[PDB]
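Residue numbering for the sequence shown follows the entry's author numbering, beginning at 1 and increasing consecutively.
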Amino acid sequence: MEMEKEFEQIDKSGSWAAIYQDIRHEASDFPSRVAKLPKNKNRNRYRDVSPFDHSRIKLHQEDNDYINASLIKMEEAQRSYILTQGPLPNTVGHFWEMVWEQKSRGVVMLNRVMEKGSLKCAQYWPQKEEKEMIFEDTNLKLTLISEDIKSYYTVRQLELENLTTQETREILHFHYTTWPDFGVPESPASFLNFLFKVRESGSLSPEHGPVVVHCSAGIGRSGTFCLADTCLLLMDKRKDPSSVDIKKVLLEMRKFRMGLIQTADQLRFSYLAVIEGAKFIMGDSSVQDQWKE
Ligand SMILES: Cc1cnc(NC(=O)CCC2CCCC2)s1
């Protein structure tokens with residue numbers, strides 16, 4: 001079926017939970033043996049969220065190459081993403097090592113450091129220009145260059161230096177700051193404006209390594225971001241945009257990382273975002289402008 005009318009048909013029949021459980025039943029199951037080794041217990045935030053062996057990002061380190069991160073490679077859309085958990089106190093150095101080694105330009109953060117009165121991720125970037133961070137285990141230096149705070153998100157420019165070689169690179173940090181503690185946003189307008197800002201930066205383009213995207217576990221909000229981006233790109237590329245099937249795209253992405261889209265509400269929100277976003281992608285320019293005021 002098409003998307004917008006399949007949407008109305010699920011709303012009127014109140015069957016989002018049944019649709020979402022079908023996806024869970026059909027999703028791939030692959031081994032995650034490295035993630036479960038005893039030496040890696042303090043490298044995982046949640047015991048039931050692990051990267052598959054076949055798609056895990058390996059650190060270029062002979063001692064222990066493990067990080068809870070997955071490469072999602074979307075062949076038809078020609079887009080790749082690294083999805084990862086929010087860094088832990090003992091994995092902040094690994095995180096920036098991965099960014100360096102994979103040649104990423106951008107980092108997309110979809111959570112706040114504290115939510116629901118608990119820590120959802122470490123403070124892994126500097127908050128003042130004059131107070132830089134040094135990661136001694138991986139030999140990297142990270143400096144805040146600028147910060148632009150907007151109503152729904154913040155953009156930062158960061159400098160990452162490999163202290164072994166004295167090479168430096170500019171990394172862009174895109175921080176969505178307004179996802180509610182419970183549930184999903186009421187309108188997708190600010191989330192879509194945020195996605196377009198990431199796109200406009202060059203961070204998603206083939207001339208760079210894959211963008212790194214994270215929330216707390218790296219499957220829920222993170223899955224919503226890449227699912228919406230990939231579906232909108234396919235609708236631009238194909239002759240028949242109504243042939244894009246969001247459930248089939250989600251099952252393809254779940255071949256590379258488990259658990260993407262954590263609730264039936266997140267599934268419904270992803271449909272909403274693609275539907276409203278299609279309005280700009282197929283020709284009406286002001287659509288981005290209605291989102292922006
Ligand atoms: C380390 C962090 C500290 N604060 C974080 N998030 C925010 O402050 C959300 C922004 C809200 C209030 C200001 C405008 C809307 S992450």
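Using N, Cα and C, we set each Cβ at its ideal position, and we do this for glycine too.
Around the beta carbon of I171, 16 or more other beta carbons sit within 10 angstroms, so the residue counts as buried.
Judged by their CB atoms, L83 and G209 are not nearer to each other than the 9 Å cut-off. Bounds of any alpha helix (DSSP H) do not take in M1, whose DSSP letter is neither H nor E. In the structure shown, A217 falls within a coil segment according to DSSP collapsed to helix, strand and coil.
DSSP lists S146, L172 as the beta-bridge partner residues of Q157.
In the three-state reduction of the DSSP assignment, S270 falls in the helix class, which pools H, G and I. Out of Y46, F95, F135, the CA that lies nearest to the CA of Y66 is found in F95. Apart from the 5 residues on each side of it in sequence, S32 sits with its Cβ closer than 7 Å to the Cβ of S50, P51, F52, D53 in its chain, given in chain order. The way I'd put it, the stretch 192 to 200 does touch the stretch 166 to 180; three or more beta-carbon pairs between them come closer than 8 Å. Annotated three-state conformation of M109 is strand, per DSSP. Distance from the C-beta of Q127 to the nearest heavy atom of ligand 1 is below 8 Å. Going down the chain, each residue whose beta-carbon is closer than 5 Å to a heavy atom of ligand 1 shows up: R112, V113, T177. With respect to the C-alpha of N64, the residue from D236, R43, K247 having the closest C-alpha is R43. The DSSP assignment places 56 to 58, 66 to 74, 79 to 84 as complete runs of the beta strand (DSSP E) inside the stretch 27 to 87, in order along the chain (cut-off: 3 residues). Assigned with DSSP and collapsed to three states, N193 falls in helix. Shown here for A77: same chain residues with a beta carbon closer than 6 Å to its own, the five before and five after excluded, namely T230, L233, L234 in chain order. Apart from the 5 residues on each side of it in sequence, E115 sits with its Cβ closer than 8 Å to the Cβ of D181, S216 in its chain, given in chain order. Beta-carbon to beta-carbon, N139 and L158 are separated by about 17 Å, too far to satisfy the 8 Å threshold.
Annotation: the continuous alpha helix (DSSP H) that includes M98 extends over 92 to 102. Spanning the alpha carbons of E101 and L59 requires a straight line of approximately 8 Å. Bridge pairing for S15: absent [DSSP]. The beta carbons of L71 and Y81 sit closer together than 9 Å. In its chain, beyond the 5 residues on either side, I10, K247, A264, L267 have a beta carbon closer than 8 Å to the beta carbon of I19. Under DSSP, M114 shares a beta bridge with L119. Bounds of any alpha helix (DSSP H) do not take in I134; it lies within the beta strand (DSSP E) bounded by 133 to 135. Around the beta carbon of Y271, 16 or more other beta carbons sit within 10 angstroms, so the residue counts as buried.
With a contact defined as Cβ atoms closer than 8 Å, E132 and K141 qualify at about 6 Å. Partner residues in a beta bridge of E293, as assigned by DSSP, do not exist.
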